[PDB]
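**Q** Return a 3D structure for these sequence lines:
(chains A, B, C, D, E and F)
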Amino acid sequence: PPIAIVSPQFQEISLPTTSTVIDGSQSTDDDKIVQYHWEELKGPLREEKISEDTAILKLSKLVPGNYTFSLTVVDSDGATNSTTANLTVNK
Amino acid sequence: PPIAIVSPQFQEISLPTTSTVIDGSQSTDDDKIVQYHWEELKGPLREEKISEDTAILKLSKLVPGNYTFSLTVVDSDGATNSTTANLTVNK
Amino acid sequence: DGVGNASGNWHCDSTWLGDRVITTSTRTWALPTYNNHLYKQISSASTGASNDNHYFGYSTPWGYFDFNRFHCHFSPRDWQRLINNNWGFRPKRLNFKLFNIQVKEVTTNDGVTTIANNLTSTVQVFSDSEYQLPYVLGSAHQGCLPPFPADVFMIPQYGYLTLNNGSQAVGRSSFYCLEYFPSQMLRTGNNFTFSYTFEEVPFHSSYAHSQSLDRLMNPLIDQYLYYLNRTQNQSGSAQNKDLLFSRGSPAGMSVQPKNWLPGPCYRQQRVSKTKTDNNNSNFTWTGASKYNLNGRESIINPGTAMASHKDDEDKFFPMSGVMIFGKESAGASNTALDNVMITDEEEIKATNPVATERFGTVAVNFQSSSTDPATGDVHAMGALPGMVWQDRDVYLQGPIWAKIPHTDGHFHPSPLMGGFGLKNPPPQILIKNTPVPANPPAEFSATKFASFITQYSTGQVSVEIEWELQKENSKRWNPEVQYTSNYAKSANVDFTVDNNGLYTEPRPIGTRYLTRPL
Amino acid sequence: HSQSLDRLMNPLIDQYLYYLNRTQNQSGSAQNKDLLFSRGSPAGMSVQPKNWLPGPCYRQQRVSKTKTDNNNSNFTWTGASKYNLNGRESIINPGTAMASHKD
Amino acid sequence: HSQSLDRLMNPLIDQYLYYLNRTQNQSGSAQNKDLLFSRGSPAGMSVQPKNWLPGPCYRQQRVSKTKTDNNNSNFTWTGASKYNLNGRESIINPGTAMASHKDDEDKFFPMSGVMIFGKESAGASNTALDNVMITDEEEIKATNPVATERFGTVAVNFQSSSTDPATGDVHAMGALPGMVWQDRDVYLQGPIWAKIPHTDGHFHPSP
Amino acid sequence: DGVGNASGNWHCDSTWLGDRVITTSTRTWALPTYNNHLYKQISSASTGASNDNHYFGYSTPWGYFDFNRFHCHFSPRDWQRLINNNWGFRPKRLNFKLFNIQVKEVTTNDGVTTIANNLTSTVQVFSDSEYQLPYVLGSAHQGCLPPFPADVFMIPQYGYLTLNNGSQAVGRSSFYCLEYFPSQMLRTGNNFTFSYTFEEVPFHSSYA
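**A** Residues are numbered from 1 along each chain as shown, chains lettered A, B, ... in the order given. What follows is the structure:
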């Protein structure tokens, strides 16, 4: 289809240090993938979103809670696949 | 013993510009020193501590008041020496 | 001149002359039939690999000889005899021979393989001595001559990759038909010989500098050049900025005017061999050093020649900055720490930086009364004028040469895996069983052939490289550090066979044991 | 060149040099840091030990020929690559030999 | 050199190569992004396609000979340029061949980028400014950069409708292809030769 | 020069000149495959032998010729002809030849051995004429030429013992790889010849 895979689905970040990376760059295809698209499902506000239309995330300023992003890839010709990630952020 | 020496003991930082360096890298020994260890005695909170287990400090976001850090060095074999520094921060 | 006559003898000498050493090695090979004689293309669209792991290429039935590791020529005693008293070595000429060809043919009649000796079947061999082909050698693959001489090895399969727009094929993608080269038909009585002479490649520096680069001064006399010692006069109250210069130094050695610079740097990641002092992420590929080439990322691995760690930090290694040779009992997927051999690279700490460390700090702003002199942190550094460095060490396992790619420009063409960067490397010797078909039908058919006779070859192969040594000219007083065997009551002798005949190389042996002053 | 620089290897045989594949063992709960090395690669080509390096670089600005996907500033001379020589700035133009764009 | 490096063109004829002059058409209201190229230049010399590059750079610290315009810290060794070799730091001093200051900035000197010869009545410890001789290095301003100045600015991000074209500031620069530079001046006091250390590789072995 | 030609003739003379006697002997040999072509080490830790019976060594697939008994050269009449009227004897020179090599290959297909003649397979022979190897000969072992000339014999296996701290291996324990010597590939048509001249060893006093 366009098959996507996220880095783990499940991460464990220890407080106070909130600076992680979700690596959706191991997502495969039989051709090139035109773009990688990040979104967000859960989580509170006040985060510095950096480059949602790219491959490797640079996540900062994470409130301990439950974040849930989602990677979506687009083949040529267009085909989507949404695989999500969970951010179990604990003190 | 492990003899340590701090950059001055006494600094004078003018407001609003709060970005200083305490250079505990002139601390001597007869052998190598394994690590340099910074701590803190006085001062209010809300500072961005950067690399307390290193040689040259990078201090930022200093409230005008009285900070007091402390350098501690460790020889091989282990020997400690705590020499402190005062941060006379004035407007 | 067969059939009842050997077409060559077994030569496996290693002769040590004055300024040159001739290391002959002869192995027994076995060439199967690859692809059932087809130029099948290979791409990534069948498996469906990642965006940086797409490829496109072809996979021939030819097979190549790759004598491109050092233990294909040097026994561990000859390597020890070389690296202990030599400041350098380079090859002069090689001499390749391929004899005693036996073309068997196997019949799996009713589940029973009956291997039958065939006498009229041939074997095609050509050496690509004009470099029209992709040069797969020097990519550090398997399928070499084996280390231990009493091992029958199996010849690799010659595939090649070309340009791709992912798993597609751009109109620059070249196809190489390898029967469109003049090969040499070899029966069971003939032999393939050719000779080759290397370029005037520089000597591999098989020494370690006994002086640092920032310690190249007389420790007694002080200099005549001054510098700025102090930008703040201590008059016991506050700042003064009197700009105190003073001469030096006999003792303040870190601030003197040096004359040269350490080499280029490109930081890897500091990773502990002890698992408790590593981050709990993965890592690699998240915090690795990698480069964008045509919009696809690739780890540097092992990068530029840099030292592995600081003084007495043996637990740390650069994430991809070291050669990691596998032992036996090491699979090709997710092996633990014990079954590999991380080559510690620490003899080049003098000139070269540390791959897990910054290469200094430049300044950012302009210092004044208003703004403090903020400095930035350098991580990657291209070559400045006045930099000296020393190339990556070679190993008994590691590769001998590589091909300098035929580009319009290249800077210091030493291969990053170590070795001799050659413009015109030893040519690829490609070998292939001539396809002998099975019975054709009685009426003529247009379709090519769906049935051949299953066969394979075997035979011997001699490679004889003459090296040129650089005898040391030292006036060191105290003894050198040389590669010695562990003198102890041991369970098994190192670099030898086992209870059931498995040649196990226990450790990677470098070549930098001697000391030349810088 | 009909071959890439990071594609100078035999696509069939795998190397004899190892590297670090994994700094975190997946035991289905949390972090372990077991430092898993493994051989490669025939397929994981992006992580292998290469031998050479791509050339020098000095970034220019990515400007679209389509006017709708450019910033509404000016730009040039604001976000251009330029050098100080005797205290006066000059655009590099065209700079070092680099490719124009990706695939 | 009696010519600059970025002044190697005929001041009368304009070039035949174009470049991007403008990424925003002024139609007196707002942004348009029409990508206006135009030829040049006889006069807009800073934007032309040059052919060569100035030399490598590695920034020192801008320190005034006048004591009133220096920071009240110490400084040196806090904000100096230094390198890690086997885990011990050493000031570069005098570093690569770079010019000392800009046009008519004689009061400034790189913190460790100049030869500082001592006079007589100059001790070997904590001498003042008068008893030394800071060698001003300004004849190589043409090819070489200024040691207290950045060697240009690269770009960081990808410009689009969403994100502005942020540029980063270059401080240290290894040798690119096409760089020309000129080596450090000699003096009547300074040294004649040096030994190239017997290493396996060295880049442009001038001391 | 094979294949349809013998590469040597059967010489088994014993000629008695005045002051010298030339004793030729020719035997038929048979060399198997030892260790299945492996340099397996041998020690005492597997069996667990006594404190004076510990050893450590290696066991090659090579095989040696040991013509180091007197009846490999002298028939009992020639020995009687020697010892009855001679006050002494010593050897001057030897002359070793190795011919008519046949390399068979056996297929044990379904419990039935079908020995098939192979023609392209070789045989490696080298004479260690510089003494880099352990000299196992003279240790009074079996596997010589047989006494009686009409006997097919089987070639021994070349193993060697080195230094040990019991059944361990000290760092002086040498390992000898024997393909690291120039051998001679011999097909079914070639032959190995070399010659050797003894030292001026004293006469063996064959008198009482």
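**Q** The residue of chain A found nearest chain C: what's it in contact with?
**A** Per CB to the nearest CB, residue A:32 is where chain A lies closest to chain C, at 3.8 Å. In this view, the C-beta of every residue, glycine as well, is placed from N, C-alpha and C. Residues in contact with residue A:32 (CB atoms under 8 Å, 6 or more residues apart in numbering or on different chains) are A:75, A:76, C:51, C:54, C:165, C:166, D:103.
**Q** strands paired with the longest strand along chain C, and their directions?
**A** Looking across chain C with DSSP state E, the single longest strand is strand C:88-109. When sheet partners are counted by DSSP bridges, strand C:88-109 sits next to strand C:112-118 (antiparallel), strand C:192-197 (antiparallel), strand C:204-205 (antiparallel), strand C:455-470 (antiparallel).
**Q** what about stretch C:147-159, start to end distance?
**A** 24 Å (CA to CA, to the nearest Å).
**Q** gap between whichever residue of the stretch 401-518 of chain C sits closest to chain A and residue C:218?
**A** Per CB to the nearest CB, residue C:416 is where the stretch 401-518 of chain C lies closest to chain A, at 23.6 Å. Residue C:416 sits 36 Å away from residue C:218, going by CB to CB, to the nearest Å.
**Q** and the two? which has more neighbours close in?
**A** residue C:416 (21 against 8; other CB atoms under 10 Å in any protein chain shown).
**Q** Name the helix or strand for the more buried one, please.
**A** Counting by DSSP states H and E, no helix or strand carries residue C:416.
**Q** can you pull the contacts of it?
**A** Residue C:416 touches C:300, C:302, C:303, C:304, C:305, C:392, D:49, D:50, D:51, D:52, D:53, counting by CB under 8 Å, 6+ apart.
**Q** so which helix or strand takes in the fifth one?
**A** Pointing back at residue C:305 there. Per DSSP H and E, there is no helix or strand for residue C:305.
**Q** quick one, phi psi at the closest residue to chain D within chain C?
**A** Nearest residue of chain C to chain D, counting by CB to the nearest CB: residue C:280, 2.3 Å away. Torsion angles at residue C:280 (phi, psi; degrees, to the nearest 10) stand at phi -90, psi 30.
**Q** how far away is it from residue F:148?
**A** 79 Å.
**Q** before we move on, what about residue C:246?
**A** 101 Å.
**Q** and what of residue A:57?
**A** Taking CB to CB, one finds residue A:57 at 88 Å from residue F:148.
**Q** Kindly report the same for residue A:69.
**A** 91 Å.
**Q** any idea which element the residue of chain A most remote from its centre lies in?
**A** The C-alpha centroid of chain A is most remote from residue A:77, which lies 22.7 Å away (CA atoms, centre = their mean). Under the criterion of DSSP H and E, residue A:77 resides outside all helices and strands.
**Q** Show me what from chain A comes close to chain C.
**A** A:3, A:7-8, A:11-12, A:20-21, A:23, A:25-33, A:56 (CB under 8 Å from any CB of the partner chain).
**Q** are any of the residues you listed buried, and which?
**A** Listed as buried from the residues of chain A next to chain C are A:7, A:11, A:20-21, A:23, A:25-33; burial here means 16 or more other CB atoms under 10 Å in any protein chain shown.
**Q** Quickly check: stretch C:47-66 near chain D or not.
**A** Yes. Against chain D, stretch C:47-66 shows contacts by CB under 8 Å from any CB at C:47, C:49, C:50, C:52, C:53, C:55, C:57, C:59.
**Q** Identify the residue of chain C closest to chain E, quick one.
**A** Counting by CB to the nearest CB, chain C gets nearest chain E through residue C:382, at 1.9 Å.
**Q** how about the residue in chain A positioned nearest to chain B, what does it touch?
**A** Residue of chain A nearest chain B, by CB to the nearest CB: residue A:16 (10.2 Å). By CB under 8 Å, 6+ apart, no residues touch residue A:16.
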